[PDB]
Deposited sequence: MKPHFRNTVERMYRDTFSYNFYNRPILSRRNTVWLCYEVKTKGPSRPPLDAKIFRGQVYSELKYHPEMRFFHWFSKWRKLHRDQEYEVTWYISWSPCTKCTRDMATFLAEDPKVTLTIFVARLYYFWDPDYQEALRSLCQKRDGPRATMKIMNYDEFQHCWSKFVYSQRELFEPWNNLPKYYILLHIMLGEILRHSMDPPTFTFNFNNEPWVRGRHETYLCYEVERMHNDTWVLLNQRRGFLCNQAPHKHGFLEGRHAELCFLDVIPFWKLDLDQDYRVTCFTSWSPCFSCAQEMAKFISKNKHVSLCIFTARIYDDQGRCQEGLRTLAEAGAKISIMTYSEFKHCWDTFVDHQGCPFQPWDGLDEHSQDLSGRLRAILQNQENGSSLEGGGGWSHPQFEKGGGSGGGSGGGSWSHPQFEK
């Protein structure tokens, strides 16, 4: 009375769904991998023609992994209609493995009429160089669209791929923090970059602007060695503020807060000296500045440096926060032509276009520098 490993189901129990899809970035004992999939013609907004669930142990043989088993079934099912193009959607608890990623790349390169979207609750072995390279080859190269699961996708899975009866989805405690951490880490891995228009809009030193309701932050890190700075090519990326949302954060988090939330994951050695360079469209507000000051005081090793395109002054408390930032040791500056060009060439998919400065860039930079310089000492 010990049935064989059941590697396929139609829906999963509520306790199972809650125990497996809990998306803490560093979670143990989730040894099984679940994969709820849907297939549908390219014609949108019609009931899917097939949708099921494949499960499998992580430490099994590669052929029993849910991804490989799904592709094995799909290869046979695809001969039915060779003239029809398909879109496939995955919701998988653990992210695929290196071998699975490479083999999915091969499988999809073989098929020119199948689009694949993947949603992951957590990233599996996100700190292994080969897994990073395998994901880079699979996804960005150009179609496999790997994303993280949000409240919407979790609710969709709960509604369609769970036996829940007359039950409403109940998010666990830290769902939004974990989601944003995973989003930041995946963006760091895949090496996402801004579109040219977005940076052009959001990084104008021009004091007079319109619609500047969102704050960006483009970061990078440098390590000490031989009295020299070495770029840590892992620690590079950017992020933007999250607007308040009923299901997400009720009060939208500030890009600076997300940056401070992600910094601890890097496991920067306590005995090593690191410089964290940041570029921002708006100067940090008072609450953000206080958080940075206390964090930098707490962290001896880290050394923060902030460059800005504009000074966000409101009620005069921001300048007060800058004083405690400076006391902590955080050097604050303004973005000039050199730094603007560096951001354009480093954090934008410019397609090799050279930076095109706008009118009055130097004058605006000088005005901002004059405004900023006096506050610290005077």
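According to the record, no C-alpha positions are given for deposited positions 143-145, 382-421, numbered from 1.
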